[PDB]
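Novice: No letters, just coordinates:
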């Protein structure tokens, strides 16, 4: 690619990489939520 | 819409979706940080 | 600056800021994983 097409393509690839990283953060936060809830339930 | 406006709107919608997920994750991490700190303060 | 170069520079500055935010949150979730693991290991 080249020109505007290369510039748009770089932006889209970087968005896709950020999207994959965000999806993994969502599931790391939900796995934490479950481990923290288990600790809270145990202490109670 | 089509052509460059369609392509630029697809990029802006994807960037906005990623920004919204980061703002929801910032709140979920603040809530987990407070819950983890309360567990650590109880245990100590 | 104006036209397409202004629109593209605005998208690039916003995408860069979102990528920085996601990398900070990847480290913050790993810090909370370590804290939660310490709590689990002690309780066990």
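Specialist: Now that the structure is in, tell me what you want to look at. Numbering: from 1, shown residues only, chains lettered A, B, ... in the order given.

Novice: any idea which helix or strand carries the residue most central in space within chain A?
Specialist: Among the residues of chain A, the one closest to the centroid is residue A:22, at 1.5 Å (Cα atoms, centre = their mean). In this assignment (DSSP states H and E), residue A:22 forms part of helix A:3-43.

Novice: still on that earlier bit, report the separation between the residue nearest to the centre of chain A and chain B.
Specialist: Going from residue A:22 to chain B by Cβ to the nearest Cβ, to the nearest Å gives 5 Å. Quick note: C-beta positions are derived from backbone N, CA and C, even for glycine.

Novice: Now that residue. Nearest residue, chain neighbours left out?
Specialist: In space, not counting the residues next to it along the chain, residue A:22 is nearest to residue B:21; the distance is 4.7 Å by Cβ to Cβ, 6 or more residues apart in numbering or on different chains.

Novice: follow-up on the earlier one: ok, the residue nearest to the centre of chain A - contacts?
Specialist: Listed by Cβ atoms under 8 Å, 6 or more residues apart in numbering or on different chains, the contact partners of residue A:22 are B:18, B:21-22, B:25, C:22.

Novice: what does chain A have sitting close to chain B?
Specialist: Residues of chain A lying close to chain B by Cβ under 8 Å from any Cβ of the partner chain are A:4, A:8, A:11-12, A:15, A:18-19, A:22, A:25-26, A:29, A:32-33, A:36, A:39-40, A:43.

Novice: again, only this time at 10 Å
Specialist: A:4-5, A:8, A:11-12, A:14-16, A:18-19, A:21-23, A:25-26, A:28-30, A:32-33, A:35-37, A:39-40, A:42-43 (Cβ under 10 Å from any Cβ of the partner chain).

Novice: Weed out the non-buried ones from the residues you listed.
Specialist: Buried residues within those, defined by neighbour count using 16 or more other Cβ atoms under 10 Å in any protein chain shown: A:8, A:11, A:14-15, A:18, A:22, A:25, A:28-29, A:32, A:35-36, A:39.
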